[PDB]
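So you can see what is in the structure, the chains are spelled out below.
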4 protein chains.
Amino acid sequence: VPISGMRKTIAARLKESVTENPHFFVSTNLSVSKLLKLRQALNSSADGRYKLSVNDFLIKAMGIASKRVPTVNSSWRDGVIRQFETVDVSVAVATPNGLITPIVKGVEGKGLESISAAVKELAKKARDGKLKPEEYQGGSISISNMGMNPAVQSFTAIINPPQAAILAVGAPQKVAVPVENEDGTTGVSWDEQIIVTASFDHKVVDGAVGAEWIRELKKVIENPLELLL
Amino acid sequence: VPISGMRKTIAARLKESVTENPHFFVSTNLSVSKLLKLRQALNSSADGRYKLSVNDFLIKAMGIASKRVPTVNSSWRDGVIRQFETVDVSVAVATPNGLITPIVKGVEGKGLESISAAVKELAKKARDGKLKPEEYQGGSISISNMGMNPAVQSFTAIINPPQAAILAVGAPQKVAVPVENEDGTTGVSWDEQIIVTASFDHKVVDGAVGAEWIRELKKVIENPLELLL
Amino acid sequence: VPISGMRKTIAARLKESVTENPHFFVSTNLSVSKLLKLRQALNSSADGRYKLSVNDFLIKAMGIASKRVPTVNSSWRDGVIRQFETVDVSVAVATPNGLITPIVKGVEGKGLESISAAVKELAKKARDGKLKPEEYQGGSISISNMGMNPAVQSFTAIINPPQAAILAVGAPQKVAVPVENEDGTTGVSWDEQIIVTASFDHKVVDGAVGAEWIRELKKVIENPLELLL
Amino acid sequence: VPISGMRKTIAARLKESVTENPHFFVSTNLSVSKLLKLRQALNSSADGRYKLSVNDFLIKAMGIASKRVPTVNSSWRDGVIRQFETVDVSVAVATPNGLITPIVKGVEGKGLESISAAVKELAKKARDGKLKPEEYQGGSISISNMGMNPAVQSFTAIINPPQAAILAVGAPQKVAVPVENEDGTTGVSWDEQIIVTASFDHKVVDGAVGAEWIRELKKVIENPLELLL
């Protein structure tokens with residue numbers, strides 16, 4: 001079968017990414033037992049005006065982490081580092097045509113409802129093939145999601161240039177966790193975990209900086225109430 | 001110590017692989033408690049006519065998944081995608097001379113006993129150094145195994161070109177899993193888990209396609225009776 | 001009523017068969033209590049993608065037995081024995097026009113789902129009268145089924161030339177079987193049996209060979225897990 | 001594969017048999033629970049001087065039945081019926097070369113030990129290929145045995161000409177049988193049965209005659225003590 005030609009550009013782009021920018025990976029585990037309760041409560045206290053998912057919370061947390069650590073929200077240009085202020089998030093969508101990356105603008109201080117609405121709009125518009133180039137050309141940070149497929153415990157991705165980082169969220173799973181009952185003995189409790197994998201560019205970011213970013217993300221998620229901050 | 005010269009070719013090949021094809025990894029966890037029982041029962045209901053292993057089941061499942069999702073069983077050629085129909089599986093063997101990749105032909109609809117016989121034959125012939133080039137030059141998909149070494153929980157490998165994907169199977173381990181007793185309380189059950197890592201080329205395959213392939217593999221393994229299908 | 005003319009050809013064919021080839025019969029009893037459980041479980045673990053019967057398992061077992069004993073998969077030609085390698089299976093279908101024998105190709109190493117799909121397609125095409133001559137001219141081995149009729153315990157058939165053997169599968173029935181309880185006393189267990197009748201041509205096959213073939217068939221059925229092998 | 005030529009003669013012989021002689025079959029069920037006890041006791045009350053089987057008892061019973069009903073021990077010749085007085089028994093042996101029928105002479109009034117010795121000698125001489133034509137050319141009645149194969153419940157055979165009848169003995173099996181305990185209630189007893197199939201030529205013998213022969217056989221077996229008579 002001959003190549004469609006469109007895949008050629010994507011292959012060249014990815015080749016540029018891997019050959020220009022080295023890649024190192026960080027892998028952590030989050031706890032979402034409180035996040036799911038929060039999502040359920042907000043969904044129930046509603047009149048069909050909105051519907052939430054895990055990706056939106058993750059996007060808000062990404063924005064907060066980027067603002068607390070601006071070095072990640074950066075890039076690599078001609079002998080100069082370009083540093084933004086806001087957070088432009090590229091969300092991946094898997095069409096039968098292939099892959100596409102619409103963008104959400106001004107995440108930090110936008111609202112989860114607006115986020116979900118914009119993501120639904122862009123996803124349906126990509127399934128229809130009705131996008132503009134500016135809506136998927138740009139962005140400082142990216143994300144790919146596979147939570148629907150329960151088999152994937154974890155996976156890596158490739159950094160869509162000229163960006164510096166990219167995230168990946170596996171499926172949820174059941175894990176054993178210790179717990180202290182009212183007496184001195186320990187007990188078993190079942191916590192819902194997710195694995196998260198972040199690939200970074202080493203020219204800009206160091207292992208310590210990436211670890212700090214991941215720590216802030218884990219903290220914000222495990223304490224969802226700090227999303228207000 | 002000067003270089004043997006043979007290692008030069010493998011180095012150049014791996015360099016071509018990583019520089020021509022970008023790599024992204026997927027990591028999942030399988031449950032094999034039923035698979036091991038099946039292997040035990042089939043080994044018992046025999047008269048020394050055969051002996052099975054986990055790799056053979058894995059190879060059969062790879063064939064089934066490749067047939068259900070043919071995009072993986074592909075390659076990258078001069079401005080064209082070559083898509084096969086059958087599944088040619090490259091199995092790795094670690095000789096004192098290094099690494100070698102014999103091939104099994106027409107896996108789908110071949111039989112586990114024939115598979116085991118062919119694998120044993122090729123492995124002993126590789127230990128003796130009695131192979132032909134056609135036997136290890138080709139193949140659409142590959143695999144490497146390290147189950148004998150119990151310490152390796154997981155590992156990655158490199159795509160032997162011109163193929164598109166490669167698999168890797170860690171060791172088995174003991175993991176906690178919830179279970180519902182006959183009453184309403186949950187309990188602790190010890191299941192035998194294996195980590196599996198799949199490296200894909202991003203020019204041909206996308207994340208959704210890889211996830212679908214892994215899902216089918218997990219389903220087939222967890223329900224071994226579907227191997228008949 | 002004058003004769004349709006089509007029956008003339010079938011009469012001459014059967015006359016040639018009985019006058020050229022002597023017939024001897026072998027009658028055995030199988031146990032399918034495990035087979036039916038397997039079929040029920042595979043049907044339950046599905047999404048309507050397929051639906052299985054007993055004839056398909058029987059056909060797979062026929063292929064396995066033919067491969068373990070290739071002398072059965074034979075014929076008689078002009079001063080020469082033609083021996084095949086693959087198993088082409090002629091399945092009988094009872095149309096209002098009469099009897100017809102479509103063929104399934106390459107049974108050994110094909111898969112039960114594909115077998116069922118091909119059989120359904122051929123059966124509907126025969127009910128419609130839309131077949132080619134090649135699809136029902138050939139085959140090394142044949143079979144006739146009457147399982148829908150619960151009255152028939154056993155029955156013989158006639159060897160469709162130039163083949164050497166043919167099968168016949170009666171209905172299931174309830175039979176008494178001894179069983180040892182946990183104590184030393186025996187008990188009564190109700191097993192679901194089927195009678196099977198195989199007609200052979202004596203020029204090619206002998207009683208010992210037919211008995212060996214039937215033993216392998218009984219073994220593979222009573223241990224359905226060996227269908228993988 | 002071209003034909004060995006030896007099979008040509010056997011094919012022509014069997015063709016002559018089926019085209020000259022019509023075949024009808026009679027199928028019955030025996031009870032051997034006492035016979036096996038008798039065999040075990042006679043084997044235990046010995047010094048390794050002999051070793052018995054079931055076929056020898058069967059051959060003695062065949063001789064007794066043939067003498068009680070001489071019409072079976074007959075043939076068909078040129079406008080004349082040739083009737084013998086003694087019973088010459090053709091026993092089948094399955095060599096890798098094919099099938100062969102050595103003969104035992106003067107069965108009636110010979111003794112089971114002598115019968116077993118002669119059968120062992122003839123069987124080993126047939127496995128070695130050291131026979132004379134007279135030793136397997138003749139005989140008034142024939143038999144084939146498949147008791148070693150537990151899968152075969154019943155089977156037919158073909159009349160070796162110019163004889164008029166032939167026997168066939170399946171495997172033993174477990175069957176449910178009623179039994180009256182000391183009280184008025186019935187109970188379940190497990191008896192060891194064998195199916196027996198006798199093929200007859202219809203020119204000489206009729207259904208009533210065959211039934212009488214089978215009745216006498218069943219009687220002598222079920223009451224083994226009448227073997228003395």
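As documented in the archive entry, the model was determined using cryo-EM at 4.3 Å resolution.

Turning our eyes to something else, we now look at the interface of chain C and chain D. Counting residues at the interface gives 32 residues for chain C and 28 residues for chain D. Of the roughly 2500 Å² buried at the junction of chain C and chain D (both faces included), carbon and sulfur atoms supply 66%. Summed over the shared surface of chain C and chain D, the result is one salt bridge. Taken together, the connections running from chain C to chain D amount to eight residue pairs in polar contact.

Glancing now at the relation of the copies chain B and chain C. It takes a turn of 180 degrees to lay chain B on chain C, together with a shift of 0.0 Å along the axis; the resulting RMSD is 0.1 Å. With respect to symmetry, the two chain copies, as superposed, fit the operation of a two-fold axis. When each C-alpha of chain B is compared by its distance to the rotation axis, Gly109 of chain B comes out closest, at 1.8 Å. Mapped onto chain C, 100% of the interface residues of chain B again fall at the interface, so both copies present the same surface.

Attention now goes to the arrangement of the chains. Here chain A and chain C are not in contact; the least distance found between their C-alpha atoms is 18 Å. As for chain D relative to chain B, no contact occurs, and the smallest C-alpha gap between them is 17 Å.

All names here are of chain C. Summed over all chains, the structure comprises 28 salt bridges over all chains. The residue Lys174 makes a salt bridge to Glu192 at a minimum N-O spacing of 3.6 Å. Within this pair, whereas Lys174 is found in strand β7 (residues 165–180), its partner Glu192 is found in strand β8 (residues 186–201), the two being separated by 18 residues in sequence. For the salt bridge of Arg215 with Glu212, the shortest nitrogen-to-oxygen distance reads 2.6 Å. With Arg215 and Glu212 both in helix α5 (residues 207–222), this residue pair falls three residues apart, about one helical turn.

Strand order in the open sheet formed by seven strands is β7(A)-β1(B)-β8(B)-β7(B)-β6(B)-β2(B)-β5(B), and the pairing between neighbours is mixed. One side of each edge strand has no neighbouring strand; the edge strands of this open sheet are β7 (152–155) of chain A together with β5 (103–104) of chain B. Looking at chain direction, strand β7 (residues 165–180) of chain B and strand β8 (residues 186–201) of chain B are connected through 14 bridges and run antiparallel. Following the sheet pairing, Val169 of chain B is matched in β8 of chain B by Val196 of chain B. Contacts from helix α6 (residues 207–222) of chain B reach β7 of chain A together with β1 (23–31), β6 (141–145), β7 and β8 of chain B, with the element oriented near 20 degrees to β1 of chain B.

Each copy of the chain is related to the other by a rotation around an axis and a translation along that axis. Mapping chain C onto chain D calls for a rotation angle of 120 degrees and an axial translation of 0.1 Å; the resulting RMSD is 0.0 Å. Such values leave the two copies arranged in the relation of a three-fold axis. The fraction of interface residues of chain C whose copies in chain D are also interface residues is only 12%, indicating that the copies meet through different surfaces.

The interface of chain B with chain C comprises 18 residues on the first partner and 18 residues on the second. Carbon and sulfur atoms supply 65% of the area that chain B and chain C bury against each other, a total of about 1600 Å² over both sides. Linking chain B with chain C are zero salt bridges. Where chain B meets chain C, there are one residue pair in polar contact. Sorting the residues of the side of chain B that touches chain C by element identifies α2 (33–44) and α4 (112–128) of chain B as the ones contributing at least two each.

About the thresholds
Residues numbered from 1 in each chain as written, not as in the entry; some residues may be left out. Chains lettered and ligands numbered in written order. Part of a larger assembly, values for the part shown. Heavy atoms only, no water. Contact = heavy atoms within 4.5 Å. Buried area = accessible area lost by both parts, 1.4 Å probe. Salt bridge = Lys/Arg side-chain N within 4 Å of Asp/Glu carboxyl O. Polar contact = N/O pair within 3.5 Å; in protein donor to acceptor, adjacent residues only side chain to side chain. Least-squares fit on C-alpha atoms. Helix = DSSP H or I, 4+ residues; strand = E, 2+ residues; numbered from the N terminus. Pairing = 2+ DSSP bridges. Axes fitted to C-alpha atoms, helices over the stretch in contact; angles between N-to-C directions.

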